[PDB]
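Okay, here's what each chain looks like letter by letter:
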Amino acid sequence: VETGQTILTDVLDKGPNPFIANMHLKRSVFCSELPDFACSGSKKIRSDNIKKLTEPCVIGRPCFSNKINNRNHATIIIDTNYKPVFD
Amino acid sequence: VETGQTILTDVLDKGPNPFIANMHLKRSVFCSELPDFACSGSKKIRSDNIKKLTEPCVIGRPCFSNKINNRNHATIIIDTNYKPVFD
Amino acid sequence: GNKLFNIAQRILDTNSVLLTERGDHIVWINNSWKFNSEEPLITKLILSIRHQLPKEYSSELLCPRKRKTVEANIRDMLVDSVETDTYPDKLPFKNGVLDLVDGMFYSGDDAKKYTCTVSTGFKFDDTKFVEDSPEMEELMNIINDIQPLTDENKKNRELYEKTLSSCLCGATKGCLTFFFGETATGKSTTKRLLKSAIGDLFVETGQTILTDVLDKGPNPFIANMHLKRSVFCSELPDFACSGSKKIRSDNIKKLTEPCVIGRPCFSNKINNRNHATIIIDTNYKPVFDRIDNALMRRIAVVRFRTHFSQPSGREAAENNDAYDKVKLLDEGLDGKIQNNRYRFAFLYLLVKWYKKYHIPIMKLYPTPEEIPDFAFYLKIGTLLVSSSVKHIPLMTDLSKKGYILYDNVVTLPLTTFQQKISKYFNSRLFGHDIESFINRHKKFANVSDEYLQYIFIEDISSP
Amino acid sequence: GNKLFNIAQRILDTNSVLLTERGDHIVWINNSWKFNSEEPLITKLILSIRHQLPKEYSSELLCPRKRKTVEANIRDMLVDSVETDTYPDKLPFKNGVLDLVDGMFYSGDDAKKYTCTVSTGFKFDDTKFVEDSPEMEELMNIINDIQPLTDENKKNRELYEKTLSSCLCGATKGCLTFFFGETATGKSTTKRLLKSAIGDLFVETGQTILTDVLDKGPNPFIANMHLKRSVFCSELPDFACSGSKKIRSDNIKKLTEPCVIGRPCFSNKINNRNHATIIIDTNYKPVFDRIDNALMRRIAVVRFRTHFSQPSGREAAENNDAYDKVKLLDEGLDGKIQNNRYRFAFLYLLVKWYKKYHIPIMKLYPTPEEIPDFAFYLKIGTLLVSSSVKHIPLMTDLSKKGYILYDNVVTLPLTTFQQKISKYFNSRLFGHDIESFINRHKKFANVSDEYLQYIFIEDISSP
Amino acid sequence: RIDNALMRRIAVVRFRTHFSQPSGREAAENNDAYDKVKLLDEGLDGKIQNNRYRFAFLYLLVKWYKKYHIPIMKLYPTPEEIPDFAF
DNA sequence: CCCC
């Protein structure tokens, strides 16, 4: 699965979040194209999100549905050209 | 198809974005009326976005829809009256 | 006349469907009260119950249309509402309800009387609920290692037993207990043991419960506390080191009130039941942004003074006063715990402690004397007291003390107040709390000259 | 012709279904006006009422299809709206309605004539609604202890009695009353006793209704009193010790209107019909950040001067500044009030109180004379009086006191005004208030000559 | 902000009559704000809430309407009665 | 649900 930058710097709960509800039982996750943080204007990845991603479940709901628990079988691999920076 | 310039200066994933879900299988995408960055006060072109618009699948979902992945057949042409600047 | 109405009447007489104040119907299929918002289970109940009806009624329930008609009749028959999870003396398992005050285990219709919705998540086995087993002996040895049985540790051991036993009762608890300890002292062993003991009824919460706004916006960390019987806070980001927000007294007050303010995600409701025992783990002395009489009435502490450290750094845990006792670390204990070996032994120990402390009313009690933070405010109650019946016919003696009488109210200059207060306690060791109190409880007779409507116990005691 | 239309006509002629102005239906099942927006109860009413209809109409109402047809007819027959909870002299109970004007208990149709959609939450016991019992002995003993019947307390007894009587009226009260007095003056005992006596119509709030913004966003704390009858805020954030948030004037302006603007969570009912008299429990005299003529018409004060304490600190309780009475604390008092022994006794006492105060209309009269906040503002209503064309034939005499005549208008210099005001209210003792009044209530004839038109009484009498 | 456009949609009506209690009669009678001071009526609010004057005030308003029901009814501004327009 |  190729997902978005949201699963790193954005709130995971929010509203309905198909960008996380599709990672249910997926054995690899590739969120490529890191927004290089060397230039000011790139949000730093929250360590809370890093901690949450390792937990064996995530919070996310699809539209017109009520299933909020998605299993986390994913090997999170992030493509980048620059060193990531956390808050 | 003729899309806006949210695909060149704003984050693609975010929430719902029908400006980038409308280039699914379009063979030519035209971006005109560059917000000339010769005057300060306008968003610059994100190299992240340029690199994102070349990979074979562009992230982004429409309103009320759970489809995140779109196929990228587009030849992106950017019309501009002046030379552009990259962050 | 109207066979389907008689079928609905019988299914109603069996008492297998109830209506709750939420508007939802809780049904009894497969020996448990279930309910589902997006899919009612009344038709499942009808199909399952078709066996107990007379022979001529069982054939009418093989048609989905007829079962829908029966469900409509049943819905129109239920008017009065009922209450769920109202017995705090009962522990709901996956196949029954355990009685703490008696010890017996009920199954089926014997567990049907108590409308228990939550469950521990595992079955109950009578074989392992025994006091003679090498799991029992190993667990007793581990618990003795965690908490010494010395005369000095009597109060600490007793309150630890009470706090751990109070994780079973499903009612509101009026105190927040501090499991004060240090790394490799065995609080994690207790956490794993209690989680293994009470299954799905144990939830661990982070720092956001303590020093963050509970309401704010979205906060699933509070809604999860619904009907859980134990809440654990660990890995505390020390408030002694600057840079971390202080403990919010209003948060503790809200978490002690029988109703908890907090909302889930994608939910229209705000109220969730609170049965949770809240135990806070800390390696560090706590602090509070504001301290009020209501606050230290809801605080109790437990101290762990036993170490399990590797022999390399033994003197590192042996050559100071902060931590008192050092034992040897055990490595396979975590694996044995995760294998749920001593789950039922710990359950038996918890029920035994509850029976020992099941005096007609269960209630936790606060011991604020063991927190140096309150040691300035629990002593000022022995220093400063408010206005009472009659100081008026004794103004002759307080005038020489520096007090002045203003509109029949005895006031004190700030300099004289400091002079009178500096005698009992040092101006440097407690000086920060001293000027904090000075700026907290100063009353303005004017902007320049400040007066205080308080008289010391010293001045009351000394003629 | 059309049996189902005849059934619908009869069910309408029983007067059991009504249409509300909000677009919903209120049905009369189990002796109460219930209504649900997410599940109409018309079919429940039809099924439950099938007994009163004739014999041949009874069996027709056992099919959900025909019940839905009758419900459709009933929905088509209801055109006009009705008003709910329009009677302020009624007390609604679970098993009936009590008439405050008359005193007779109603049931059935008698309680049906008034569409009360709220209840106290408990059944009414007429066997205990009598003026003689040992619970009643303890009741008026405690009542007399809280408020003495002495001559010096006659006005206080009357006004306190009015305040306690007015919490059953189902109409908007335009004033807020303060339960002035020290700690443990019987405020908490009477508060919990009234809560027991009234039931669900009593609601307690914190201080956010006074020290925080009411409207803000979503707040049940401004919406939980929908059709409530009494609100008590206890232990205000004492204004003696500086550092507490002050009472907002805009919030009080919001609270005192017939229609309280404010919306609940996910509800658009911004017209909050208040039937409650907001009673304020305080320890010191009130302070308002902003004072104008709007306050004095909505402020009243109730004073209590009692105390309860253990005999260990009996001498300490009898030897300090500003109580008037000290009694003995009761540890079982909380349980005694919880077990609801004085409910109907104080219900009888309150019905006598209301009846003796039931002169044709319920009115509440503020008492501004007890408010130190107006002591400077009422003084400009008695001492500082402006100057205008009424002083036209006054050129000579007033110019000698320090005043001047300017275009037939008498003024006062700013330095002279400061010196003269320091004689009444010291320029430092009440310096902040003096500065606020100076920058709030000063008139300008020009930029330079900024002089207050206010004239002292002493100079006018002098020729 | 004040501009010429705002000055063609603004008019004011001023009240110069105070009802003051007998305790504060001297201040109001001697106040430059009030050109005339009268007494209070406590039951006036009660009889108003009783809707006693409802139809009488309706008649008064309709009579004023008829007095001003000339074929065109248009509100006219009074720009001379505001201080921000004085400059 | 989007949308604020």
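- The PDB entry lists chain E under the name Uncoating factor OPG117, with Monkeypox virus given as the organism.

- The name given to chain C in the PDB entry is Uncoating factor OPG117, and the organism recorded there is Monkeypox virus.
- Turning to chain C, the UniProt record has this under Sequence similarities (unreviewed entry): "Belongs to the orthopoxvirus OPG117 family."

## Structural notes on the interface of chain C and chain D
Stage number 1. Each side of the interface is counted separately: chain C has 38 residues, and chain D has 29 residues.
Stage number 2. No other element matches helix α4 (residues 64–77) of chain C, which puts six residues into the side of chain C that touches chain D.
Stage number 3. Partitioning the side of chain C that touches chain D into residue classes produces 18 nonpolar, 13 polar and seven charged.

## Quick notes on the packing of helix α1 (residues 3–13) of chain C against α4(C)
Residues and elements named next belong to chain C.
Stage number 1. The interhelical angle for the contact between α1 and α4, taken along N-to-C directions, is 55°, at an axis separation of 9 Å. Classified by the angle their axes make, α1 and α4 are oblique. Where α1 crosses over α4, the handedness of that crossing is right-handed. Where α1 abuts α4, its residues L4, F5, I7, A8, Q9, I11 and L12 lie against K66, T69, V70, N73, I74 and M77.
Stage number 2. Within the contact of α1 with α4, the residues separate by chemical class into nine nonpolar, three polar and one charged.

## Observations concerning the sheet that holds strand β1 (residues 17–19) of chain C
All names here are of chain C.
Stage number 1. Strand order across the open sheet formed by three strands is β1-β2-β3, with antiparallel pairing between neighbours. Sheet topology places β1 and β3 (33–34) at the edges, where each strand pairs with a single neighbour.
Stage number 2. Of the strand pairs in this sheet, strand β2 (residues 25–28) and β3 are connected by two bridges, and their pairing is antiparallel. Within β3, the position partnered with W28 by the bridge is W33.

## Quick notes on the interface of chain E and chain D
Stage number 1. Counting residues at the interface gives eight residues for chain E and 12 residues for chain D.
Stage number 2. Grouping the amino acids of the side of chain E that touches chain D by side-chain chemistry returns one nonpolar, four polar and three charged.

## Regarding the relation of the copies chain C and chain D
For the pair of chain copies, the relating operation is a rotation around an axis with a shift along it.
Stage number 1. Each copy superposes on the other: chain C lies on chain D with an RMSD of 1.9 Å after a rotation of 62° and an axial shift of 1.3 Å. On this basis, the relationship between the two copies can be described by a six-fold rotation axis.

## Quick look at the packing of aromatic side chains
Stage number 1. Within the structure shown, the criterion is met by 44 aromatic pairs over all chains.
Stage number 2. Plain terms: the ring middles of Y424(C) and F425(C) are 6.1 Å apart, the flat faces sit at 35° to each other, and that makes the pair tilted.
Stage number 3. Owing to a relative accessible area of 61%, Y424(C) belongs among the exposed residues under this scheme.
Stage number 4. Judged by relative accessible area, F425(C) falls into the partly exposed class, the value being 22%.
Stage number 5. Seen from their ring centres, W28(D) and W33(D) are 5.3 Å apart, and the 55° between their planes marks the pair as tilted.
Stage number 6. Judged by relative accessible area, which is 15%, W28(D) ranks as buried.
Stage number 7. Just above the ring of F266(C) sits the side chain of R61(A); from NZ or CZ to the centre is 4.3 Å.
Stage number 8. Just above the ring of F456(D) sits the side chain of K420(D); from NZ or CZ to the centre is 3.6 Å.

## Things to note about the UniProt feature "domain: SF3 helicase" (unreviewed entry) in chain C
Stage number 1. Taking the UniProt record as the reference, the feature "domain: SF3 helicase" (unreviewed entry) is found at residues 155–317 of chain C.
Stage number 2. A helix fraction of 24% and a strand fraction of 20% characterise residues 155–317 of chain C, whose end C-alpha atoms lie 24 Å from each other.

## Some remarks on the environment of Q338(C)
All names here are of chain C.
Stage number 1. Among the secondary structure elements, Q338 is positioned in helix α12 (residues 333–338).
Stage number 2. For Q338, a relative accessible area of 60% translates into the label exposed.
Stage number 3. Along the backbone, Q338 and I280 are 58 residues apart, and their C-alpha atoms lie at a distance of 22 Å.

## A look at unusual backbone geometry
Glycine aside, the phi torsion of most residues is negative, and most peptide linkages are trans.
Stage number 1. Unlike most non-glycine residues, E33(A) shows phi in positive territory, near 60°.
Stage number 2. By the secondary structure assignment, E33(A) is in the loop between β1 (29–30) and α3 (47–54).
Stage number 3. Judged by its relative accessible area of 7%, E33(A) falls in the buried class.
Stage number 4. One non-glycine residue, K216(D), lies in the positive phi region at around 40°.

## Focus: the protein's contact with DNA strand F
Stage number 1. The immediate surroundings of DNA strand F are formed by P16(A), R61(A), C63(A), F64(A), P16(B), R61(B), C63(B) and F64(B).
Stage number 2. Of what DNA strand F places within 4 Å of the protein, 100% of the atoms are sugar or phosphate.
Stage number 3. With respect to DNA strand F, the side chain of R61(B) contributes an N or O atom lying 3.0 Å from a phosphate oxygen.

## Let's talk about the pattern of salt bridges
Stage number 1. Tallying each qualifying case throughout the model produces 36 salt bridges over all chains.
Stage number 2. As a salt-bridge pair, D76(C) and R67(D) come within 2.4 Å of each other at their nearest N and O atoms. Within this pair, whereas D76(C) is found in helix α4, its partner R67(D) is found in helix α4 (residues 64–77), the two belonging to separate chains.
Stage number 3. Residue classification places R67(D) among the buried positions, given a relative accessible area of 0%.
Stage number 4. Here the salt bridges do not stand alone but share partners, grouping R46(B), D48(B) and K52(B) into one network.

## Digging into the sheet that holds strand β4 (residues 90–92) of chain C
Stage number 1. The three strands lie next to each other as β4-β5-β6 (chain C), forming an open sheet whose pairing is antiparallel. At either margin of the open sheet sits one strand with a lone partner, and together these are β4 and β6 (105–106) of chain C.

## Topic: the side chain of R343(C)
All names here are of chain C.
Stage number 1. With respect to the element layout, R343 can be found in helix α13 (residues 343–356).
Stage number 2. Within the buried set, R343 has no salt-bridge partner at all; the shortest N-O distance to an opposite charge, 8.0 Å, is to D125.
Stage number 3. When residues no more than four places from it in sequence are discounted, the contact partners of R343 are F122, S196 and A197.

## Some remarks on α13(C)
Residues and elements named next belong to chain C.
Stage number 1. In this model α13 runs 20 Å from its N-terminal to its C-terminal C-alpha over 14 residues, within 8% of the 20 Å that 1.5 Å per residue would give.
Stage number 2. When you tally the buried positions in α13, you get 11 out of 14 residues, the bulk of the element.
Stage number 3. Looking at α13, one finds that the buried residues are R343, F344, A345, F346, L347, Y348, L349, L350, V351, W353 and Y354.

## A word on a nonpolar patch on the surface
Residues and elements named next belong to chain E.
Stage number 1. On the surface, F57, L60, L61 and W64 cluster together into a nonpolar patch covering about 400 Å² of accessible area.
Stage number 2. Note that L61 resides in helix α3 (residues 54–67).
Stage number 3. Residue classification places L61 among the partly exposed residues on the basis of a relative accessible area of 39%.

## Points about empty space enclosed by the protein
All names here are of chain D.
Stage number 1. In this structure, the largest cavity encloses a volume near 180 Å³.
Stage number 2. As for the largest cavity, its lining consists of 16 residues, and the residues nearest its centre are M225, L255, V260, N274 and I278.
Stage number 3. Elements with a contribution of two residues or more to the lining of the largest cavity: α10 (220–223) and β11 (271–273).
Stage number 4. Computed from the structure, the second largest cavity encloses a volume of approximately 100 Å³.

## A few points about the pairing of strand β9 (residues 230–233) of chain C
All names here are of chain C.
Stage number 1. On β9, burial covers both faces: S230 and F232 on one face and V231 and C233 on the other are all buried.
Stage number 2. Pairing between strand β8 (residues 202–205) and β9: four bridges, direction parallel. If you follow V203 over to β9, its bridge partner there is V231.

## Some points on the packing of helix α2 (residues 42–49) of chain D against α4(D)
All names here are of chain D.
Stage number 1. At a minimum axis distance of 9 Å, the contact between α2 and α4 shows a crossing angle of 115°. In terms of orientation, α2 lies roughly perpendicular with respect to α4. Crossing geometry of α2 relative to α4 is assigned as right-handed. The residues of α4 that touch α2, namely those facing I42, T43, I46 and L47, are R67, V70, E71, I74 and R75.
Stage number 2. Of the residues assigned to the contact of α2 with α4, the class counts are five nonpolar, one polar and three charged.

Cut-off values and rules
- Residues numbered from 1 in each chain as written, not as in the entry; some residues may be left out.
- Chains lettered and ligands numbered in written order.
- Part of a larger assembly, values for the part shown.
- Heavy atoms only, no water.
- Residues with missing side-chain atoms left out of burial classes, pairs and counts.
- UniProt positions renumbered as here; feature names shortened; annotations may be inferred.
- Contact = heavy atoms within 4.5 Å.
- Helix = DSSP H or I, 4+ residues; strand = E, 2+ residues; numbered from the N terminus.
- Nonpolar A, V, L, I, M, F, W, Y, C, P; charged D, E, K, R; others polar.
- Axes fitted to C-alpha atoms, helices over the stretch in contact; angles between N-to-C directions.
- Parallel < 35°, antiparallel > 145°, perpendicular 65-115°, else oblique.
- Left-handed = near helix turned anticlockwise from the far one by under 90°.
- Pairing = 2+ DSSP bridges.
- Least-squares fit on C-alpha atoms.
- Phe/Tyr/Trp six-rings, centres within 6.5 Å; stacked < 30°, edge-to-face > 60°.
- Buried < 20%, exposed > 50% of the residue type's maximum accessible area, 1.4 Å probe, protein only.
- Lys NZ or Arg CZ within 6 Å of the ring centre and 35° of its normal.
- Near = heavy atom within 4 Å.
- Polar contact = N/O pair within 3.5 Å; in protein donor to acceptor, adjacent residues only side chain to side chain.
- Salt bridge = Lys/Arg side-chain N within 4 Å of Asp/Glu carboxyl O.
- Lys, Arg positive; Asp, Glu negative; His and termini not counted.
- Expected span 1.5 Å × (residues − 1).
- Patch = residues over 30% accessible without salt bridge, like charges linked within 9 Å, V, L, I, M, F, W, Y side chains within 5 Å.
- Areas by Shrake-Rupley, 256 points an atom, 1.4 Å probe, with all protein chains shown as cover.
- 1 Å grid on protein atoms, 1.4 Å probe; cavity = no way out; pocket = protein on both sides within 12 Å on 5 of 7 lines; lining within 4 Å.
- Points joined across faces, edges and corners; volume = space filled by probe spheres on them.

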